[PDB]
2 protein chains.
Amino acid sequence: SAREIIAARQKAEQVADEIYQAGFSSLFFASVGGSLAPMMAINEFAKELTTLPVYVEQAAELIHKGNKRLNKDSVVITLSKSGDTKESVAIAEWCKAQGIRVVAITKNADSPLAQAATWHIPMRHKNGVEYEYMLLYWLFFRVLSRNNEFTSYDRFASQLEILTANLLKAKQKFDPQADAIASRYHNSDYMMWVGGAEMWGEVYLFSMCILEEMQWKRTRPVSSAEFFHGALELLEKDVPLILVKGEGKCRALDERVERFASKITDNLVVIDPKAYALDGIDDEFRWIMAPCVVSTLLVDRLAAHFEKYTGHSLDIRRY
Amino acid sequence: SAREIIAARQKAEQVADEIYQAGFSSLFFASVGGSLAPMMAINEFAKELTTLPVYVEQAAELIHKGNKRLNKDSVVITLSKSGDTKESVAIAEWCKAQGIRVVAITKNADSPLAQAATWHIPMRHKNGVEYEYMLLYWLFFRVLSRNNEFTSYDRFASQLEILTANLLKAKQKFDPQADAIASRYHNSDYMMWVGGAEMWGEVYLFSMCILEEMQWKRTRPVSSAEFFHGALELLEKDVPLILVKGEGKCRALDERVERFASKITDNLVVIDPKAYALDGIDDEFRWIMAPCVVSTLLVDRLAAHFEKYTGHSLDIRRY
């Protein structure tokens, strides 16, 4: 519903404004597992769009090492659906103990993560993975807006409100390809998963958090750029390669993988967010939306089609 | 020889001093494939030891995206044994075109990379992988020294001169374990490779640049921290897990992997640099030396033992 979306945008924008108005040194996006994916996209956007110190850190590494750039003026941003994820609670409570301000995105304001946080941005029980991107996008892009580094913010932020409608349509359009991927590869002993830059988080997430953890499928996730520095030698006729393309400046690197793999393997799959219309969203924002498009396609639809063919409930853990 | 080593140290220190004396904004370590490994260790040291802006970037991603933190005051550091590696030459020539100063480490001063560079730090034809670490260490730690962030520099930098002698001894001590690893796993269809923080570059390098590229062995390299966020579900009795331990603050994260894997797989291998004496090097520097120790053990010795058992020359490429 439109009203939920406008409310979500307002809360994220209020956090961004209070952060900007208070002042800050560095922004550290700290998390673990699948929750890193949208943070890794933010980091890739930040490389091009801001001179602000922006970092993404594995929360368990960060609590063991500390960081000389993390100081009492920093803000640490965390995300946990449950708000109980041990490493995220731990880094939030560690920041709090040091007087380092924390943002928490979770679906429960009395979760331990939310109680450790300076700012809580709620997610609603029914919210799928696109909301993790949308809330982090409103937060991060509003900071850039206030810092005079995102002069398209108003239009971007309004158009982000209609991404959910576009994602429903994309998922329906993807469904036949998703069934075909799952049909052919559910019984694969080894899949190569390739993508990079702002798309790397989605390849990372889908490979480890869905296919390995929830379907016990062996994968080799590798970036498009680094594919050509050794992993390419493993490709042959019968090896599956699933390529996730970006719509930013690194699309050319993805296309090099496509051209090489198309000559070598009979088992090339291309997941291209550029194939999906985003009605009412300007083309200049497609490179930002793309990781969110792919995440919803892979986490919602492709996971469900693998589950259908394996017969292995996505809820199963052997550990 | 001692005289080669002292000369190498002097040249790296002179570059560091000229960089520091000229002034700089950010330091970007930009490379591809195996040449990233020592840069990724530097980045992990930098997280704890300096407030200077230090970045490691995949050179092909960096040339496509640019970076808003990369400006005419930055220094870009590159490494290429040949000095011909396309992506490294490309990023150096792109910096030069923009008036961005470049450091090049290569074994040939008339290589294209060396001709694009503001500073050339030579490697000698006979120099193994430890020299990539030692030259980058003298360069980076001398900058930290000049910036009043490394007050042990003198002792560190002198003790680094005796690492080569210690590495020869380590390789001889490792040789029996190396033969046993290669004997058991040369015919493996799938190996998990685990490590992290300052050790991640060595796990990354060995898995993709040696086992995949040069022996066509399928690997899953994954960090110790992130192992527990999905990849762990793939481990079972018959699955090989090679764990590379650190000697820094993330050793505890490596030990969690060890304790879990030891209960589940019959095929746990531990490569622990803490097992090797560094005579005449103070314990406080072991966490810095460790990635260099592991790199020389894996690149020199373990590669050669796999080659012996596979019969597959490390020089072979099918692409």
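Along every chain, residues receive numbers from 1 upward following the written sequence, which is not necessarily the numbering found in the entry; those without coordinates are excluded from display. Here the convention is simple: chains get letters from A, ligands get numbers from 1, in the order in which they are written. The side-chain numbers reported here are obtained from all heavy atoms of the structure, hydrogens and water having been left aside. Residues with missing side-chain atoms are left out of burial classes, side-chain pairs and their counts.

- For this entry, the PDB record names X-ray crystallography as the structure determination method and reports a resolution of 1.83 Å.

## Concerning the overall build of chain A
Then step 1. Secondary structure elements are defined from DSSP: runs of H or I of at least 4 residues count as helices, runs of E of at least 2 residues count as strands, and each element is numbered from the N terminus. Assigned secondary structure in chain A consists of twelve helices and nine strands.
Then step 2. As defined in this context, the radius of gyration uses C-alpha atoms, and a globule is described by 2.2 Å times the residue total to the power 0.38. Over its C-alpha trace chain A gives a radius of gyration of 19 Å, about what one expects of a compact globule, namely 20 Å for 319 residues.
Then step 3. If one aligns the C-alpha atoms of chain A with their principal axes, the spans along those axes are about 55 × 45 × 40 Å.
Then step 4. Of the contacts made within chain A by residues no fewer than 6 positions apart, 76% connect residues no fewer than 24 positions apart. In this analysis, two residues are considered to be in contact whenever any of their non-hydrogen atoms come within 4.5 Å of each other.

## A word on the UniProt feature "domain: SIS" (unreviewed entry) in chain A
Then step 1. As recorded in UniProt, the feature "domain: SIS" (unreviewed entry) lies at residues 15-149 of chain A.
Then step 2. Counting secondary structure, residues 15-149 of chain A comes out at 47% helix and 19% strand; the distance between its end C-alpha atoms is 18 Å. UniProt positions are given in the numbering used here, feature names are shortened, and annotations may be inferred rather than shown by experiment.

## Points about the packing of helix α9 (residues 200-215) of chain B against helix α12 (residues 286-310) of chain B
Residue and element names in this part refer to chain B.
Then step 1. Contact geometry for α9 and α12: axes closest at 10 Å, N-to-C directions at 20°. Considering their axes alone, α9 and α12 lie roughly parallel with respect to each other. Once α9 is placed against α12, the crossing between them reads as right-handed. Contacts between α9 and α12 involve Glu 202, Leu 205, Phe 206, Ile 210, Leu 211 and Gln 215 from the former and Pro 291, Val 294, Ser 295, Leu 298, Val 299, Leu 302, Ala 303, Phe 306, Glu 307 and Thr 310 from the latter.
Then step 2. Of the residues assigned to the contact of α9 with α12, the class counts are eleven nonpolar, three polar and two charged. Between N-to-C directions, angles cover 0 to 180 degrees, with each direction set by a line fitted to C-alpha atoms, over the stretch in contact for helices. Each angle is binned into one of four classes, with values under 35 degrees roughly parallel, values over 145 roughly antiparallel, values of 65 to 115 roughly perpendicular, and all other values oblique. For a crossing to be left-handed, the near helix must be turned anticlockwise from the far one by less than a right angle; the clockwise case is right-handed. Polarity classes work like this: nonpolar for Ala, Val, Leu, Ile, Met, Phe, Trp, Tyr, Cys and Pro, charged for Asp, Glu, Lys and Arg, and polar for all others, with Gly in that last group.

## With respect to the interface of chain A and chain B
Interfaces are often described in size by the accessible area the parts lose on coming together.
Then step 1. Listed per partner, the contact involves 62 residues of chain A and 62 residues of chain B.
Then step 2. Of the roughly 5,500 Å² buried where chain A meets chain B, counting both sides, 50% is carbon and sulfur surface.
Then step 3. Buried area counts how much accessible surface, traced with a 1.4 Å probe, disappears from two parts once they are put together, with both parts' losses summed. Summed over the three residues of chain A that lose the most area to chain B, namely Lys 65, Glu 233 and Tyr 319 of chain A, the buried surface amounts to 16% of that side.
Then step 4. Salt bridge, as used here, is a side-chain nitrogen of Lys or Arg placed within 4 Å of a carboxyl oxygen of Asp or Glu. Applying the counting rule to chain A against chain B returns twelve salt bridges.
Then step 5. Across the pair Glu 212 of chain A and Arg 220 of chain B runs a salt bridge, and its minimum N-O distance is 2.8 Å.
Then step 6. Distance and chemistry together define a polar contact, namely a pair of N or O atoms within 3.5 Å, with one atom able to donate a hydrogen and the other to accept it when in protein, and with adjacent residues in sequence counting only for side-chain atoms on both sides. Where chain A meets chain B, there are 39 residue pairs in polar contact.
Then step 7. Looking at the side of chain A that touches chain B, the elements with two or more residues in it are α2 (36-49), β2 (54-58), α3 (59-65), α9 (200-215), β7 (219-223), α10 (224-227) and α11 (251-264) of chain A.
Then step 8. Top contributing element to the side of chain A that touches chain B by residue count: α2 of chain A, with six residues.
Then step 9. When grouped by side-chain class, the residues that make up the side of chain A that touches chain B number 28 nonpolar, eleven polar and 23 charged.

## As for α12 of chain B
Residues and elements named next belong to chain B.
Then step 1. If you check α12, its first and last C-alpha atoms are 34 Å apart, about what 25 residues at 1.5 Å a residue would give, namely 36 Å.
Then step 2. Of all the bends in α12, the greatest measures close to 30° and is centred on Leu 298.
Then step 3. Looking at the residues trailing α12, positive phi occurs at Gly 311, about 70°. To estimate the expected span of a helix, count its residues, drop one, and scale the result by 1.5 Å. One fitted axis covers the seven residues ending at a residue, a second covers the seven starting there, and the bend at that residue is the angle between these axes.

## Quick look at the pattern of salt bridges
Then step 1. Following the criterion strictly, the structure yields 48 salt bridges over all chains and no others.
Then step 2. The salt bridge involving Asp 17 of chain A is made with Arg 142 of chain A; its shortest N-O contact spans 2.8 Å. Of this pair, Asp 17 of chain A sits in helix α1 (residues 2-22) while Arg 142 of chain A sits in helix α6 (residues 130-146), and the two are 125 residues apart along the sequence. You'll find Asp 17 of chain A and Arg 142 of chain A in the same group, each marked buried.
Then step 3. A salt bridge links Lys 308 of chain B to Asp 179 of chain B, with the shortest nitrogen-to-oxygen separation between them at 2.7 Å. Of this pair, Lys 308 of chain B sits in helix α12 while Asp 179 of chain B sits in helix α8 (residues 163-185), placing them 129 residues apart in sequence.
Then step 4. The class of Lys 308 of chain B is exposed, set by a relative accessible area of 56%. Each residue gets one of three labels from its accessible area relative to the maximum for its type: buried under 20%, exposed over 50%, partly exposed in between, using a 1.4 Å probe on protein chains only.

## Topic: the relation of the copies chain A and chain B
Then step 1. Least-squares superposition on C-alpha atoms places the copies onto one another. Between chain A and chain B, the superposition needs a rotation of 180° and an axial shift of 0.0 Å, giving an RMSD of 0.0 Å. Seen this way, the second copy is the image of the first under a two-fold rotation axis. Measuring from the rotation axis to each C-alpha of chain A, the shortest distance belongs to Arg 220 of chain A, at 3.0 Å.

## Section: the nonpolar core
Then step 1. Nonpolar core, defined: a set of buried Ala, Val, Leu, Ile, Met, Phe, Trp, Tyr and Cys residues in which side-chain atoms within 4.5 Å join the residues together. In this structure, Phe 45, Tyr 137, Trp 138, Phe 141 and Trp 193 of chain A together with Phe 227 of chain B are the most contacted members of the largest nonpolar core, which totals 101 residues.
Then step 2. Setting aside chain neighbours within four positions, we find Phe 45 of chain A in contact with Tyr 137, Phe 140, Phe 141, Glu 198, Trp 287, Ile 288 and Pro 291 of chain A.

## As for α2 of chain A
Then step 1. With 14 residues, α2 of chain A ought to run about 20 Å at 1.5 Å a step, and its terminal C-alpha atoms sit 20 Å apart, in line with that.
Then step 2. Along α2 of chain A, 13 of the 14 residues are buried, which leaves the element largely enclosed by surrounding structure.

## Focus: the sheet that holds strand β5 (residues 119-122) of chain A
All names here are of chain A.
Then step 1. The strand order across the open sheet formed by five strands is β2-β1-β3-β4-β5, and the pairing between neighbours is parallel. At either margin of the open sheet sits one strand with a lone partner, and together these are β2 and β5. The average undirected angle you get between the axes of adjacent strands in this sheet is 20°.
Then step 2. Across three bridges, the pairing between strand β1 (residues 27-31) and strand β3 (residues 75-79) is parallel. By the bridge assignment for β3, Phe 29 is matched with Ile 77.
Then step 3. Packed on one face of the sheet, α2 meets β1, β2 and β3 and runs near 150° to β2. At least two DSSP bridges between two strands are required for those strands to pair.

## Concerning the packing of aromatic side chains
Then step 1. In this scheme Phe, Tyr and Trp rings, the latter by its six-membered ring, pair at centre separations within 6.5 Å, and the angle between planes marks the pair as stacked below 30 degrees, edge-to-face above 60, and tilted otherwise. Applying the stated rule across the entire model yields 39 aromatic pairs over all chains.
Then step 2. Note on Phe 45 of chain B and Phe 141 of chain B: the rings are 5.9 Å apart at their centroids and 40° apart in plane angle, and the pair reads as tilted. Remark: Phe 141 of chain B occurs in helix α6 (residues 130-146) and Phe 45 of chain B occurs in helix α2 (residues 36-49); sequence separation between them is 96 residues. Both residues of the pair, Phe 45 of chain B and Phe 141 of chain B, belong to the buried class.
Then step 3. Aromatic side chains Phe 140 of chain B and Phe 141 of chain B sit 5.2 Å apart centroid to centroid with 75° between the ring planes, which places their arrangement in the edge-to-face category.
Then step 4. When its relative accessible area of 2% is taken as the criterion, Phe 140 of chain B is described as buried.
Then step 5. In this structure an aromatic cluster arises from ring pairing among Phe 29, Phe 45, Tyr 133, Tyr 137, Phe 140, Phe 141, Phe 150, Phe 156, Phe 285 and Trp 287 of chain A.
Then step 6. Throughout this description, the term charge over a ring refers to an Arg CZ or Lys NZ atom that lies within 6 Å of the ring centre and within 35 degrees of the ring normal. Here the basic side chain of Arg 218 of chain B rests over the ring of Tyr 190 of chain A, its NZ or CZ set 4.3 Å away from the ring centre.
Then step 7. Positioned above the aromatic ring of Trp 216 of chain B is the side chain of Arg 318 of chain B, whose terminal nitrogen or guanidinium carbon lies 3.9 Å from the ring centre.

## Topic: the pairing of β3 of chain A
When a strand is regular, its side chains alternate between the sheet's two faces.
All names here are of chain A.
Then step 1. The element β3 is extensively covered by neighbouring structure, given that five of its five residues are classed as buried.
Then step 2. A two-sided burial pattern is seen for β3, the buried positions comprising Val 75, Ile 77 and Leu 79 on one face and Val 76 and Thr 78 on the other.
Then step 3. By the criterion used throughout, a crossover qualifies as right-handed when its path from the first strand across the helix to the second strand runs clockwise, the strands pointing away from the viewer. Once you follow β3 into helix α4 (residues 86-97) and on to strand β4 (residues 101-106), the crossover reads as right-handed.

## Describing the domain arrangement of chain A
Residues and elements named next belong to chain A.
Then step 1. The domain boundaries assigned to chain A delineate domain 1 (2-153) and domain 2 (154-310).
Then step 2. Between the C-alpha centres of domain 1 and domain 2 the distance comes to 25 Å.
Then step 3. Taken together, the contact pairs 25 residues of domain 1 with 27 residues of domain 2.
Then step 4. Between domain 1 and domain 2, roughly 2,300 Å² of surface is buried when both sides are summed, and carbon and sulfur atoms account for 69% of that area.
Then step 5. The interface formed by domain 1 and domain 2 includes two salt bridges. For each domain, the first and last residues come from an automatic or database assignment.

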